[PDB]
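Asks: Okay, here's the structure, questions in a sec.
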Amino acid sequence: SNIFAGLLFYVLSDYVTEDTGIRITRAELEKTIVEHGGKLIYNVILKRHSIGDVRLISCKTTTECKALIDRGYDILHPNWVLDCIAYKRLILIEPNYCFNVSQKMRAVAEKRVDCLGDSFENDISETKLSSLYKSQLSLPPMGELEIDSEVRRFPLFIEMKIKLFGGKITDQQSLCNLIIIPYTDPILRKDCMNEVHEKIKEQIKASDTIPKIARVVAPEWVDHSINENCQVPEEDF
Amino acid sequence: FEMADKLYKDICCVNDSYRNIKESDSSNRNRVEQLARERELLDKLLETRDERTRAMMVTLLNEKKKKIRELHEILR
Amino acid sequence: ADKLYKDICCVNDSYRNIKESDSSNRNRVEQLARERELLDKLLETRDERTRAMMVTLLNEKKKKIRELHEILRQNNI
Numbered sequence: 034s035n036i037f038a039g040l041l042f043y044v045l046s047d048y049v050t051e052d053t054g055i056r057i058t059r060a061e062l063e064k065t066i067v068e069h070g071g072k073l074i075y076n077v078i079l080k081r082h083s084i085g086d087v088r089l090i091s092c093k094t095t096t097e098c099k100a101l102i103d104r105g106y107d108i109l110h111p112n113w114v115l116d117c118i119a120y121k122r123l124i125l126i127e128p129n130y131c132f133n134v135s136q137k138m139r140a141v142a143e144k145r146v147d148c149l150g151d152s153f154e155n156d157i158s159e160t161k162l163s164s165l166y167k168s169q170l171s172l173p174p175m176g177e178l179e180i181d182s183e184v185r186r187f188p189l190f191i192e193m194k195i196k197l198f199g200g201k202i203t204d205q206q207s208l209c210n211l212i213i214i215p216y217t218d219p220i221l222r223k224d225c226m227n228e229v230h231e232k233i234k235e236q237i238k239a240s241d242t243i244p245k246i247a248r249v250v251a252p253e254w255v256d257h258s259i260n261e262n263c264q265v266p267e268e269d270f
Numbered sequence: 004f005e006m007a008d009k010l011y012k013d014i015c016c017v018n019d020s021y022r023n024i025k026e027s028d029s030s031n032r033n034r035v036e037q038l039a040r041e042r043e044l045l046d047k048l049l050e051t052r053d054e055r056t057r058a059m060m061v062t063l064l065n066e067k068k069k070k071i072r073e074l075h076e077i078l079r
Numbered sequence: 002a003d004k005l006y007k008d009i010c011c012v013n014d015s016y017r018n019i020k021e022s023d024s025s026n027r028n029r030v031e032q033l034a035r036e037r038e039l040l041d042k043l044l045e046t047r048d049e050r051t052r053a054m055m056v057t058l059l060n061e062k063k064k065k066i067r068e069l070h071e072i073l074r075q076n077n078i
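Protein sequences appear in the order of chains A, B and C. When we follow our numbering, the leftmost residue of the first sequence carries the number 34, and every step to the right adds one. When we follow our numbering, the leftmost residue of the second sequence carries the number 4, and every step to the right adds one. When we follow our numbering, the leftmost residue of the third sequence carries the number 2, and every step to the right adds one.
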C-alpha cells in the first residue's frame, strides 16, 4: 500500500496469531498487520533469521497458537500493538498476554504498572479512569494530606451544612474551626450571633491562653466560594 | 327544630379539620416542593463538579506521569 | 330546612383532598424523602471510596517520583 509507514516506531519483527474484537467491533488480522506493518516494517513472511531475537508475537486467542507458549516463548498482545498506536512505542510491555514468565516476567511486568492499576504509560483518559476504578479491593484509608485537588472545604457549625459536606469537609457539632451561620433578622442574624458568639467567651474564662478564635461567615460564603476555591474576610453579615 | 342547630354546628370539623386540610394541602405540598427543588437542582449539580474534579486529576495527574518518563529516560 | 342536610356536599370537600394531602402527600414526604437517606448513605460511601482512590494514585506516582529521583544519586543531575 505504502503510507510509507505513517509513524515508523519499531525495528522489531512482528507476526500475529489470531484476533477478535474487545467490546467495540473487531480488528481483522490483515487489519492488524497492515495497521502497523504499514506503520512499520516487520514480517510473518519468510525470515530464516536466528541471529538475535526481537520477534515480538502478538495475539488475541490461542488454539493453533498453543504450541509455542508450550515451548517457552512469551506471547504479549495485542492492544500493546494498538496501544502503541496511541502516542509512541516503548510501552514497557505491561499486563496483556497469554505467555507468563512466571518467576521472571509477569513478575518484571508489575514493576512497570503501579500498586493499583495504571502503567506509568501516558496514563489516562477520563474514561480510562473509570476503567481501572470500577475495580478495587485494596485501599489504604484516610489520614492527613497537604496538597489537594478540585474538592475541598474545612470544619464548622443540611442545605448549607451539606454543601460543605457534599465536598470535602467534616462538619461536627461543637465549638470548632469555622462557623457558617444562617442569615437575616432578630433571629438567625441576631440570636445566632447569639449570646452563642458569647457562648465563645466562656472559653477564655476557661483555657489558660487565648482559645483560638475561628472565622465567622455568612452561608453566602460557602456558595460564592464553592464556585472556584476560597476567600474569607470580605464576607461578614 | 332544636334539631336544626346541629347542622349550624358543622363549623367545627367541616370548617376546622378543614382549616386543617390547609396546612396539610399547603405545607405537605410545600415540602415535596422544597424537598425536590432542593436536590433536583443540587445533588445532580454539584456533581457537575464530580466532572470538574476529573480533568483536574487527569490533566494534572498525567502531570506527574510525564515527570517520570523524562527521569526514567535519562538513565543507564 | 332540609337545605342543610343538603350540605353533606361538604364532607366531599374533605372526601377527596384529605384523601390526598395527608394521604398521598405524607407518603411523598417520607417515601420519597427518606429517599435522601438512602442516597446520602451512598454518596458518602462512594464519595469516600473515590477520594481514597485519587489520592493513592497521586500518592503512588509521587512515591515513585522519589524512588527514581534518589536512584538519581550515583549520577547526580
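Virtual Cβ for every residue (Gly too), placed ideally from N, Cα, C.
(1) In the structure shown, what three-state DSSP assignment does residue 220 (chain A) receive?
(2) How big is the Cα-Cα spacing for residue 17 (chain B) and residue 36 (chain B)?
(3) Could you tell me how far apart the beta carbons of residue 182 (chain A) and residue 54 (chain C) are, in whole angstroms, since I believe they sit closer than 8 Å?
(4) List in chain order: all unbroken alpha helix (DSSP H) runs of 4+ residues lying wholly within the segment 16-54 of chain B.
(5) Take residue 135 (chain A) as the anchor and find which of A:178, A:47, A:69 and A:105 has the nearest alpha-carbon.
(6) Check whether the Cβ of residue 77 (chain A) lies closer than 8 Å to any Cβ atom in chain B.
(7) Over the uninterrupted alpha helix (DSSP H) stretch that includes residue 81 (chain A), give me the two end residues.
(8) Hey, quick one: how far does the beta strand (DSSP E) through residue 47 (chain A) stretch, first residue to last?
(9) Which residue or residues does DSSP assign as beta-bridge partners of residue 249 (chain A)?
(10) Express the C-alpha separation of residue 42 (chain B) and residue 25 (chain C) in angstroms, rounding to a whole number.
(11) Please determine, among B:9, B:53 and B:28, the residue with the shortest C-alpha to C-alpha distance to residue 44 (chain C).
(12) Listed in chain order, which residues of the segment 9-40 of chain B have Cβ atoms closer than 7 Å to some Cβ of chain A?
(13) Confirm, please, whether the CB-CB distance from residue 14 (chain C) to residue 21 (chain B) is below 8 Å.
(14) Which chain A residues sit within Cβ distance under 7 Å of residue 60 (chain B)?
(15) Less than 8 Å separating the beta-carbons of residue 126 (chain A) and residue 100 (chain A)?
(16) Counting along the chain, where does the beta strand (DSSP E) carrying residue 115 (chain A) start and finish?
(17) Three or more C-beta pairs under 8 Å: does that hold for the segment 153-169 of chain A against the segment 61-77 of chain B?
(18) Closest by CA to residue 42 (chain C), which one among A:250, A:199 and A:222?
(19) Does the beta carbon of residue 156 (chain A) sit closer than 8 Å to a beta carbon anywhere in chain B?
(20) Could you give the C-beta distance for residue 247 (chain A) and residue 211 (chain A), rounded to a whole number, given that I count them as a contact under 8 Å?
(21) Examine chain A for any beta-carbon lying closer than 8 Å to the beta-carbon of residue 56 (chain B), and answer yes or no.
(22) Does residue 42 (chain C) come within less than 8 Å of chain A when only Cβ atoms are used?
(23) Can you say whether residue 33 (chain B) is buried or exposed, counting buried as having 16 or more other CB atoms within 10 angstroms of its CB?
(24) Of all Cβ atoms in chain C, is any one closer than 8 Å to the Cβ of residue 44 (chain B)?
(25) Could you tell me the alpha carbon to alpha carbon distance between residue 124 (chain A) and residue 113 (chain A), rounded to whole angstroms?
(26) Taking residue 72 (chain B) as the reference, give the member of A:203, A:121, A:107 and A:258 with the closest Cα.
(27) Could you tell me which chain C residues have their CB closer than 8 Å to the CB of residue 67 (chain B), listed as they occur along the chain?
Replies: Taking the geometry as given:
(1) Looking up residue 220 (chain A) in the first sequence gives position 187. Residue state, collapsed to three classes: helix.
(2) In the second sequence, counting from the first residue as 1, residue 17 (chain B) sits at position 14. In the second sequence, counting from the first residue as 1, residue 36 (chain B) sits at position 33. Spanning the two alpha carbons is a distance of roughly 27 Å.
(3) Counting from one through the first sequence, the residue named residue 182 (chain A) turns up at place 149. Counting from one through the third sequence, the residue named residue 54 (chain C) turns up at place 53. About 11 Å separates the Cβ atoms of residue 182 (chain A) and residue 54 (chain C), ruling out a contact at the 8 Å cut-off.
(4) For the segment 16-54 of chain B, whole alpha helix (DSSP H) runs of length 4 or above, ordered along the chain, are 16-28, 30-42 and 46-49.
(5) Taking the first sequence and counting its residues from 1, one reaches residue 135 (chain A) at position 102. Of A:178, A:47, A:69 and A:105, the residue nearest in Cα terms is A:105.
(6) Within the first sequence, residue 77 (chain A) is the residue found at index 44, counting from 1. Chain B, which has no Cβ nearer than 8 Å to the Cβ of residue 77 (chain A), makes this no.
(7) Translated into the one-based positions of the first sequence, residue 81 (chain A) becomes position 48. Where residue 81 (chain A) is concerned, there is no enclosing alpha helix (DSSP H), given that its DSSP letter is neither H nor E.
(8) On the first sequence, position 14 is the one that residue 47 (chain A) refers to. Here the beta strand (DSSP E) through residue 47 (chain A) covers 46-49.
(9) To locate residue 249 (chain A), count along the first sequence from 1; it is residue 216. Its beta-bridge partners are A:212.
(10) For this step, residue 25 (chain C) is matched to residue 24 along the third sequence. For this step, residue 42 (chain B) is matched to residue 39 along the second sequence. Between residue 25 (chain C) and residue 42 (chain B), the C-alpha separation is close to 21 Å.
(11) Locating residue 44 (chain C) in the third sequence gives position 43, where the first residue counts as 1. Of B:9, B:53 and B:28, the residue nearest in Cα terms is B:53.
(12) Taking 7 Å as the Cβ-Cβ cut-off against chain A, none of the residues of the segment 9-40 of chain B qualify.
(13) Residue numbering aside, residue 21 (chain B) sits at position 18 when the second sequence is read from its first letter. Residue numbering aside, residue 14 (chain C) sits at position 13 when the third sequence is read from its first letter. Against a cut-off of 8 Å, the Cβ pair of residue 14 (chain C) and residue 21 (chain B) comes out as a contact.
(14) As a working mapping, residue 60 (chain B) is identified with position 57 in the second sequence. Chain A residues near residue 60 (chain B): 182.
(15) Stepping through the first sequence from its first residue, residue 126 (chain A) is reached at position 93. Stepping through the first sequence from its first residue, residue 100 (chain A) is reached at position 67. Cβ atoms of residue 126 (chain A) and residue 100 (chain A): not closer than 8 Å.
(16) Translated into the one-based positions of the first sequence, residue 115 (chain A) becomes position 82. Unbroken run through residue 115 (chain A) is the alpha helix (DSSP H), 115-118; no beta strand (DSSP E).
(17) yes
(18) Counted from its first residue, the third sequence places residue 42 (chain C) at position 41. Of the candidates A:250, A:199 and A:222, the one whose C-alpha sits nearest the C-alpha of residue 42 (chain C) is A:199.
(19) Sequence index remark: in the first sequence, residue 156 (chain A) carries index 123 (1-based). Output row for residue 156 (chain A): interface = yes.
(20) Your numbering for residue 247 (chain A) matches position 214 in the first sequence. Your numbering for residue 211 (chain A) matches position 178 in the first sequence. With 8 Å as the limit, residue 247 (chain A) and residue 211 (chain A) qualify as a contact, their Cβ atoms being about 5 Å apart.
(21) Position 53 of the second sequence, counted from the first residue, corresponds to residue 56 (chain B). True, the Cβ-Cβ gap to chain A drops below 8 Å.
(22) For the purposes of this step, residue 42 (chain C) is taken as residue 41 along the third sequence, with counting starting at 1. Closer than 8 Å: no.
(23) Numbered from 1 along the second sequence, position 30 holds the residue referred to as residue 33 (chain B). Burial call: exposed.
(24) Taking the second sequence and counting its residues from 1, one reaches residue 44 (chain B) at position 41. So no, residue 44 (chain B) is outside the interface.
(25) Residue 124 (chain A) sits at position 91 when you count from the first residue of the first sequence. Residue 113 (chain A) sits at position 80 when you count from the first residue of the first sequence. C-alpha separation (whole angstroms): 7 Å.
(26) Here the question's residue 72 (chain B) lines up with position 69 in the second sequence. For residue 72 (chain B), the closest of A:203, A:121, A:107 and A:258 by C-alpha to C-alpha distance is A:121.
(27) Residue 67 (chain B) sits at position 64 when you count from the first residue of the second sequence. The contacting residues are 59, 62, 63 and 66.
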